[PDB]
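> Kindly return the folded structure for what I paste below:
(chains A, B, C, D and E)
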Amino acid sequence: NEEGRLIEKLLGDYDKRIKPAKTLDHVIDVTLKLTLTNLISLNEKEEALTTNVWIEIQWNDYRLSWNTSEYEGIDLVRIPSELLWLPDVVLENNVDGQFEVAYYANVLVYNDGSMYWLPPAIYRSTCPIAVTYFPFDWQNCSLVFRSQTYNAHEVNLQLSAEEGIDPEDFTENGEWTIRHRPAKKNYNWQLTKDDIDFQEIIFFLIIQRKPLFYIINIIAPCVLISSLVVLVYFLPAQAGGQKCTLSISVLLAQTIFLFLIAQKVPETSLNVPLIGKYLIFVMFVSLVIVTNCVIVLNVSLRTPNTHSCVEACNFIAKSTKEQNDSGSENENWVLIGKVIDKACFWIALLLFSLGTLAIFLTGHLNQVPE
Amino acid sequence: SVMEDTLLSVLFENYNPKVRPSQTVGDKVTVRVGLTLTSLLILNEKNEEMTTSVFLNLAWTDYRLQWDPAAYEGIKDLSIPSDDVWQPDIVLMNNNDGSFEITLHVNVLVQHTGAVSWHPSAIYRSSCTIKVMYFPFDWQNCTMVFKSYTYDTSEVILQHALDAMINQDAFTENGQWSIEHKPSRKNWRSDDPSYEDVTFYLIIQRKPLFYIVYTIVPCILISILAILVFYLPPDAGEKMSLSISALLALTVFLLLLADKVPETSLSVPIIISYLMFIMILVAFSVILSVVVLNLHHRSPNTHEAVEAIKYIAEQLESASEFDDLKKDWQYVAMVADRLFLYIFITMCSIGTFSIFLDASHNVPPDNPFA
Amino acid sequence: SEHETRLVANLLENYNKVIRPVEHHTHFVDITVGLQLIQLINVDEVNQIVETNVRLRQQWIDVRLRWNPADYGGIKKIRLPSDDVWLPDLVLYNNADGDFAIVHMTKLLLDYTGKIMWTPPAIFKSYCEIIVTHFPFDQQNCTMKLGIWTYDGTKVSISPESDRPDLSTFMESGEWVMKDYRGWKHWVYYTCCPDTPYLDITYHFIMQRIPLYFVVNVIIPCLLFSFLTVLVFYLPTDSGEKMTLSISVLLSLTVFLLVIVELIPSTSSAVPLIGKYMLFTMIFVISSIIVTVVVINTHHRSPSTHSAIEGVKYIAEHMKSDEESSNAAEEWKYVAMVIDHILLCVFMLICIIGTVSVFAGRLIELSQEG
Amino acid sequence: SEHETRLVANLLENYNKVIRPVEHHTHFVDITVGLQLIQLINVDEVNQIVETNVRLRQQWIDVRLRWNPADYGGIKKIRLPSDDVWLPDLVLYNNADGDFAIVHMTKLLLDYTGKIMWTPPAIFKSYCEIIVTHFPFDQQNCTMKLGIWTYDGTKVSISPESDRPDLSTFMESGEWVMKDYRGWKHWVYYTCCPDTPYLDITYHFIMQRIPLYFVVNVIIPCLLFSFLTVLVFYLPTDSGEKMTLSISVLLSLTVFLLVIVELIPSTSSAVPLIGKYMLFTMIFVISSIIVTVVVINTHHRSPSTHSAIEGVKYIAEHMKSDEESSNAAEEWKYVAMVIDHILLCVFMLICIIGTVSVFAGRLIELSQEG
Amino acid sequence: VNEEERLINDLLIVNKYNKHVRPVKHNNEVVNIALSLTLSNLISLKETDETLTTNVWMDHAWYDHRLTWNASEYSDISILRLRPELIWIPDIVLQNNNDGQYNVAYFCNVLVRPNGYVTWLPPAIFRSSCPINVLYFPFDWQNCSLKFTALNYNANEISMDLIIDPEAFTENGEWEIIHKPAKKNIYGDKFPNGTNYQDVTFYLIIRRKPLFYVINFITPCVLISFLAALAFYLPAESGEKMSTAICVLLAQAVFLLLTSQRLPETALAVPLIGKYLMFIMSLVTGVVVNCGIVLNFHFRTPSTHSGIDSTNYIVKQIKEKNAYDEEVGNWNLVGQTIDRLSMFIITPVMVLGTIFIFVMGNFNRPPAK
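Residues are numbered from 1 along each chain as shown, chains lettered A, B, ... in the order given. Structure data below:
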């Protein structure tokens, strides 16, 4: 059925780099869509990500509707990349890495001139996550992508649901979670003052994270730590005299442990994102732990020292007794522990407060954004 | 002139680029393979990874390129880019852990009656079994098998030069190791129809003596404080507490050592030998110091009328000094002496043992340099 | 000779490489897959990435390659290079992290009839489940799907070839160990479209992890610490003289436990172990915590411990006696009767917790070992 | 129609792209270049690396592109594929650490006249000074020169176009802040050669750096460590009975900050700064050492505080009188008076060298702030 | 038009000119090729493994006899451009430093003179394995040797004849460039029966070492040493701080150990000599030893570490008696030994401390020699 002649006919006139534009004043009808399938790297501190995107590419060019020998033969054709108009895709705000396997792949030419193509792409991008995205309220990841080649007066992109999802194939091994994916089809006019709009593709992704594992590594140590210091605090009333320094050994040990923590998780936030709110409670609930802690030694620091021939000589010896007694008396008026005992209950309720202030508020920063 | 344009022409007229210098299925083209090593740059003795560099000298004959007056008799030797001969897309059965650099697509030396000389130096990512057995003094040997990765020995035969050539022929002077010999044996495993790979043996010897030196000092210097903590008891019995300080200190030190050892073998591990027994030597000082600590613990305490007053005085003092004299009877120093010399036996015995093993390890397992 | 040049040239001319051996509208191009992992180079359970050896056995028929005495008569079966062939865009579904390595420009074999095989020596980059359920003793089955990438069951179909183990060439250098692996076929039609979609090979990797070295180092400082805390119990009841002395240890040891935490979570971060593994350490380590704090607060729990001439003698003797009293008071503080209670109180606790820790340890080791 | 084939065919034949629109022996090719920087995704102060994006606004003319009613007449301004253009090998003189990305395969602006522009959304890695004087409060101006690579003035010439700031689109998520950005042009002829060399655009980035994170934690342990030092001094007055205790905290203190300086070297060499800074910490802290040197050395500075029946009554009270004047001796040394001068002596001196630290620190920022 | 169409058709570079054929006027001595080496920058140094990443301007020259043009080529413009594939380009190989293929010093735009002479010189980001050896650390810091030339051609197909290294030495290097000589040559060898390929031999003699590690590293030594130094002064002022003195050993000990730990770390990253590494660890051991000495010397001594008349005589008995105990201890004290101890601590610190900077000098003098 002219099968040979037809193929040979169009290829004669067949034009490569020219768009299937009826004329030049109403552009062509280009369809696109993306199904996430892999969110490979979340480096939120630098606001960048890598995803395998199903670049659903679609458009029209009847420049090749065929006859009985090709259209009718099979309403389906798979013809090579380099052989029809191809959208060189990229995410305005995100794509920071040229697409990988997102091009040069078999496209699809039905019989009426319908064109369908969908290569998978692993590429880098840069979405929000700017001093926020670590809360409980989430920063919507907004990625708009379009051909970076021509502008909407010849090219026109389409899309679909802007309501329905990113969690469609959001990775289960992510240290986060997604709750909604909105997407709008739009024109080109940005803050930078560019005109002649080339339409693009907006990708909202408001997602959650924070599934803490470090939480109780932080929560039990601090309680053990708080108790340790409250040991420092109540243990003195229980502890012997050789305990003032006992308490000290703990301060040394207590903060050896402390800044070691200060070195451990600070590292944490640098390799991953960052945010100050949760940060504030820790270091300052931590600085208060330290504060009343050294306060304690300054407390176990405070007090002045706790930090006939027969009878003439019987007279004076009965004195060393009363004399030294006056001295041991010293000890008395000095170490009558009103401040210490009370210091236990001091930190105790202060403990309860620092704790309540913090976990109660952690209750809130999980409960407002809940 | 003598049919120059003619020859010249006909040759390029009839010559086939993509063809093999042989006629049908037979003895094939006997290609010569022989590499003069440059030097080696990195031995990942831990994963058995080998990045070296050498010359890929190949050479066989193209009786299809024998010239005539001007290019044959005119200039018996002329240079011409490869790209026109079957090239051993050589991979290494164990090694060839990565691509060729300066290996293919380079010019070659073509002789008059067809001889072909191609001498390219290259860096190649290989992997030989230096296994986790690249540290015993008896060390081990490896199998380096080179050969093509699409061709099967049917249309060419491979042949070698020396087998003793050695690998220290271009051994890296930068190597923390040393070498005894390089065997070269031609192979054709019958598990595949394709005659293939050649096994090259590395009877490697890697003796980098640098930190085990100050590692000895711990063992012995730690022993200093050790013998010291075992010596400090009848030296300064009051060592009682200070003693425990010593082991905290002694244990943290050895645990940090525990810290550097795993991360250091992390790139160059082999048999445990050294670690195997220093691990025991470890456990030894560890437990010896802890049971001496229990040696330390075992002590439940240590860890007329005128004259009547007198009499009451006579009894007061004497009565309790026996009581504290009892404490003497209880914490005498029999054990300390006996086990400080059991300390003598233990530490000098287990000491002269790994001393010995280590002794035996460097001299005894040294001659298998083959 | 035998139509020599006419043979060869004709073949080149009317033959389009890119054409797919479509035969009427039916069976699709029947093409089968058959993967034989020769061996594996490296894996990262954490990042679920593997670099493996694969020889892909690809089969299909091109009735256009059948011959007569001038192609098959020449030499039965022969070697024709790929290029001219339509290469299925093979792709590991939820995997595919990397390009097939050494798939390109290789050769294939054509029979006197036509049948062709394409089996190029591959090694590539993979991506399979490991989830936080792979390092378990109870493993997880790495779900790996393979099949035709951009063509449908109407244009083409990828089918399986045979059963074979994954431990058939499983890496003996792996930090994991195999249970079994099976692979069965399937055809995926989607409720989406009423059409008949691609075919697929689904791999299932059932292997359990954890190399045993780890095992020994960690549980022994625990029985280690067990003895110091064991001493933490026996040291006090048999000698309360070095309570503070132990203050030291409590510092040196939880910090030892703290620093072991850096090491094994990075292990945790180095290798994905099912979190329920973590709780072992959780309560275990943390009881070292709750027990201490009580044991040592209790350790600490005690008020201060942690004629006329004749009358002279009685006012003086009376002085010695009520201080006599006093001495007994503070000792009436640190009794040795219940420190024995806490000794068996908790040692049974430890033999309970311990044997309870051994419980689930032993239990699913009653499942894993099977 | 309108000379349809005659117009595009003629254009391809007598048109060349290798060539540059050279116009007689004069001003070179009028190249108009400029920076349009809208994003700075990644940069490292330490390695002075910058991967940003700047659309390379080029502007120059080629008369050969002029047309009549058959190209201009067709549609005023037409955009031609860049291929037809002679693209300059532009490059960052002391920068250029990376290929410009996204410039290839793009659109070119042609006019009826000939005017042409092509602003490519080029993203690339750069390399300019930041040195140790990059992040102070007083900034440094990174010198960034750009201009033709391998072409001399005798063939191509570029020139600035407009002034535009660096903060016009500077990173609000930067760990730095900008003050000013200037760009002027020039042509560099060298004393070497009598010739007229390339032209270039020199950018200068003036911006101050350093977040305040590192700042908060340098000074907290300082004041906190000055609290323990303050304790260091006050304790001998309120609790000299814990001078040894003081010793413990100096092993504490010392190790802590010796460890603080560990952080510094990592962080500092991990994030660049002018050494002149650490000099502050150097002596100030060696000051706590120099002072504890003297102060606790001084703290420990003191020798040891760091009838006949009537007869024995006299041998006895004698026994007591001898020792009593003796105990007076050890107190004779711990006069509790110089302890107050040492804390005040140094309290002022630390309040002064602290105020000294405070001084240049604030002076330098009364310089920066500016 | 001056025969231009026709003439470049005459040259047709690729078609008429033999680019796969090197115009060496046929088999003879060689095409006079010359290489020029100018380092544009040195970005990374690895002393330990003798590897260097450096940039070079690959200035190359050779006369292309088929390149000579006429009026509408030559004189039309006595200078014009022509890509690599249309210009013969020498196959310059970095003889002992190209174990890392050359980048963007490859097939780049070249300069076409009028009478065949051509000029190709682009940028080379390269990696090298220069003569570091474990002798690239003594003060001379060896001499890094490198040879450049056209790899493929021999002495009858190529002749390459022959700039300071610090001309573009990187200022962010941890070393110092003292000199850089340049002299070409040609050379055959034993297995080769003919001479060939001429080359650019460029030796770089440098030096390196911080004046910074010295700062924060010896700093703690005189500070730490004064602790051990005071250690022996402190046994006098108050040796009673037994346990606390003991604490400091743990503490000065843990300090000592990981200080040495940081040492190899930077060490592996740097091939350090055996001469210097010992003075460091030898002397900290000097204190380590004396810390152990501290131990014993600090806790080394065995102990220092008529009826009414009848009754009181009992006491005068108990009196004197334990006065013997009391004194059995000062017998041990050993105090007239005090100064000598700290005097014979001073003397040795002086001996060894001097011995080092004494040795510092005895090797500081001969290099300056």
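
> Every contact and neighbour count from this point should use C-alpha atoms.
Fine.

> How many residues are close by residue C:220?
11 (other C-alpha atoms under 10 Å in any protein chain shown).

> so how far is chain B from it?
Distance, residue C:220 to chain B, by C-alpha to the nearest C-alpha, to the nearest Å: 10 Å.

> Which single residue of chain C ends up nearest chain D?
For chain C and chain D, the shortest gap (C-alpha to the nearest C-alpha) falls at residue C:248, measuring 11.7 Å.

> for the stretch 51-200 of chain A, what spans make up the strands?
A:89-91, A:108-109, A:114-117, A:120-125, A:143-147, A:157-158, A:176-180, A:185-186, A:200-203 (DSSP state E, counting those that start in this stretch).

> picking up where we left off before, tell me, how many residues neighbour the residue of chain C closest to chain D?
When neighbours are defined as other C-alpha under 10 Å, residue C:248 has 20 of them.

> Am I right that it sits in a helix?
Yes. Judged by DSSP: H, G, I helix; E, B strand; the rest coil, residue C:248 forms part of a helix.

> That one touches residue B:245, doesn't it?
Yes. Counting by C-alpha atoms under 8 Å, residue B:245 is a contact partner of residue C:248 at 7.1 Å.

> how about stretch A:351-360: buried residues?
Judged by neighbour count (16 or more other C-alpha atoms under 10 Å in any protein chain shown), stretch A:351-360 contains these buried residues: A:351, A:354-355, A:358.

> Actually, stretch E:9-17.
Buried residues in stretch E:9-17 (16+ other C-alpha under 10 Å): E:11, E:13, E:17.

> nearest residue to the last one other than its sequence neighbours?
Excluding the flanking residues, the one nearest residue E:17 by C-alpha to C-alpha, 6 or more residues apart in numbering or on different chains is residue E:11, at 5.7 Å.

> Please verify my assumption that that neighbour contacts residue E:19.
No. Shown here, residue E:11 and residue E:19 do not form a contact pair, counting by C-alpha under 8 Å, at 11.0 Å.

> what about the nearest residue to residue A:303 once chain neighbours are set aside, neighbour count?
Of all residues not flanking residue A:303 in the chain, residue A:334 sits nearest, at 5.9 Å (C-alpha to C-alpha, 6+ apart). Residue A:334 has 15 neighbours, counted by other C-alpha under 10 Å.

> Would you check how far apart residue A:334 and chain D are?
Counting by C-alpha to the nearest C-alpha - residue A:334 and chain D are separated by 11 Å.

> One more: residue E:337?
16 Å.

> Tell me, how many residues neighbour that residue?
10.

> and if you look at residue B:99?
By other C-alpha under 10 Å, neighbour count at residue B:99 equals 12.

> Quick check: it vs residue B:84, distance?
Look at residue B:99 and residue B:84: by C-alpha to C-alpha, to the nearest Å, they are 20 Å apart.

> Also residue B:314?
Residue B:314 is 117 Å from residue B:84, by C-alpha to C-alpha.

> Name every strand pairing with whichever strand or helix holds residue E:37 and say which way it goes.
Assigned by DSSP states H and E, residue E:37 belongs to strand E:32-46. Sheet pairing here is set by DSSP bridges, and for strand E:32-46 it gives strand E:51-63 (antiparallel), strand E:159-161 (parallel).

> Determine which stretch of the ones you listed is the most buried.
Stretch with highest mean neighbour count among the strands paired with strand E:32-46: strand E:159-161 (a mean of 23; mean count of other C-alpha atoms under 10 Å in any protein chain shown).

> which residues sit against that one?
With C-alpha atoms under 8 Å, 6 or more residues apart in numbering or on different chains as the test, strand E:159-161 has contacts from E:30-35, E:149-150, E:184-186, E:196-200.

> Quick check: what element follows that strand along the chain?
Heading C-terminal from strand E:159-161 (DSSP H and E), you reach strand E:175-179.

> count of neighbours near the residue lying closest to residue A:145 once chain neighbours are set aside?
Of all residues not flanking residue A:145 in the chain, residue A:91 sits nearest, at 3.6 Å (C-alpha to C-alpha, 6+ apart). Look at residue A:91: counted by other C-alpha under 10 Å, it has 26 neighbours.

> do the one 3 residues further on as well
The burial count assigned to residue A:94 is 23, neighbours taken as other C-alpha under 10 Å.

> returning to what we had before: who are the contact partners of the residue nearest to residue E:17?
E:17, E:66-67.

> Which residue does chain A have closest to chain D?
Closest point on chain A to chain D, by C-alpha to the nearest C-alpha, is residue A:307, at 4.1 Å.

> which element is residue B:144 on?
Assigned by DSSP H and E, residue B:144 belongs to strand B:143-148.

> Look up how far residue C:343 lies from residue B:291.
19 Å.

> ok, those two, which is more surrounded?
Counted by other C-alpha under 10 Å, residue B:291 and residue C:343 do not tie: residue C:343 has more neighbours, with 19 against 13.

> Stretch B:60-71 near chain E at all?
No. Stretch B:60-71 stays clear of chain E (C-alpha under 8 Å from any C-alpha of the partner chain), getting no nearer than 9.4 Å.

> For the stretch 201-350 of chain A, which residues are neighbours of chain D?
Within the stretch 201-350 of chain A, the positions near chain D by C-alpha under 8 Å from any C-alpha are A:245, A:248-249, A:252, A:256, A:294, A:298, A:301-307, A:309-310, A:313, A:317.

> which residues sit in contact with the residue most central in space within chain E?
In chain E, the residue lying closest to the centroid (C-alpha atoms, centre = their mean) is residue E:47, at 3.8 Å. When contacts are counted by C-alpha under 8 Å, 6+ apart, residue E:47 touches E:132, E:136, E:269-271.
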